[PDB]
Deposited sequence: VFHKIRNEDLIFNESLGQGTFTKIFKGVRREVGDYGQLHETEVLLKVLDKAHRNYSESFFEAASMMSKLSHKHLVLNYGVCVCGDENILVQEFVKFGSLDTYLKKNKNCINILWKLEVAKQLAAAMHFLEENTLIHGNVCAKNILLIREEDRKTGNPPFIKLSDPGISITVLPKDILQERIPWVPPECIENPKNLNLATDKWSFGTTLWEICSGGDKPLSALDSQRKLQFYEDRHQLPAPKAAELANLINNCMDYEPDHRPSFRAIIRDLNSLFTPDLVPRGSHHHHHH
């Protein structure tokens, strides 16, 4: 529970779903009582979307009860007057999808494999704790350090749950959102994240391209209706795993233990 008076808002860094994102600085008493001014990532719920307040912070809170080296650190929340604000560690190099596009001509299968193994390790930990993320995607992978020593990533918070989001938002998040959740958002399950994990591998192999971006929301719907799969990326080293993960039968998608074994071979 951070004080409004200890937070300084600086540059806007874009927007998430019903949120506004800013780089900031938090003034804090740290260990040994030393005074720190710490770079922070601030996520602000739109006042115009206050109805979704509980769900977002419930999301960030539930995961913050679990500490893990591949899960992002949340410092707390500010009840900052009229706005609710998540205060999060500032990750030096930002979101993976932006990174993949700018650095495409420098990323090889060895780099992709380490990032995939790290993400699966995070997902395996969640799976062992029966905790559903619900929004696995390249935008929500944060790059802590660049390869020199491998790269190092963290999974960000999931944001507002698909189980309360407007249907048109869900449709635009095809193919991250699995077919059974389009049929019924209340079908959100552990198997949901295996599908989205497959979609995120496709992103990682596709230099930051967004699958099915050329398809409007009605065509995305008919894509699931006809049981299509994503095309193999030109770099197709992960295409079989992508397709095995994006299985239209939720009960057939592999455990992350099996996925990690597949990545290791």
Please report every deposited-sequence interval that has no C-alpha in the structure, sorted by position. 1 to 3, 152 to 155, 273 to 289
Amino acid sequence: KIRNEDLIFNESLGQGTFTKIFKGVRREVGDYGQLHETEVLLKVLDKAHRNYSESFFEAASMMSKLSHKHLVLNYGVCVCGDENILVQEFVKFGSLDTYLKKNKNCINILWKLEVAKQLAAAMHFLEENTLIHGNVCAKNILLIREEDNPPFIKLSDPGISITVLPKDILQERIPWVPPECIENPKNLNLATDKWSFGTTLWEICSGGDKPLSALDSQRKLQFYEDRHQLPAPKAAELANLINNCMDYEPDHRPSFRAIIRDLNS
From here on, numbers count along this sequence of modelled residues.
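So that the term is clear: the rigid core is the largest set of C-alpha atoms that superpose within 1.5 Å between two forms.
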Do the Cα atoms of 210 to 218 or of 48 to 56 sit farther, on average, from the shown structure in 4 other deposited structures of this protein when the rigid core is superposed? 48 to 56
Once the rigid core is lined up, would you tell me whether 74 to 82 or 87 to 95 has the higher RMS CA deviation in 4 other deposited structures of this protein? 74 to 82
Comparing 48 to 56 with 65 to 73, which stretch shows the greater average C-alpha B-factor in the deposited entry? 48 to 56
State which stretch shows the higher mean Cα B factor in the entry: 198 to 206 or 36 to 44. 36 to 44
Can you tell me which of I141, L188, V91, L131 has the maximum CA B-factor listed in the PDB entry? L188
For the listed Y248, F18, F256, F9, which has the peak Cα B-factor recorded in the PDB entry? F18
For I182, the third of its chain into which the C-alpha B factor falls: middle
Going by the entry, which third of its chain does the Cα temperature factor of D168 land in? highest
Taking the entry's C-alpha B-factors for this chain, is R145 in the lowest, middle or highest third? middle
CA B-factor ranking of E114, expressed as a third of its chain: middle
Taking the values exactly as deposited, rank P175 by C-alpha B-factor within its chain and report the matching third: lowest, middle or highest. lowest
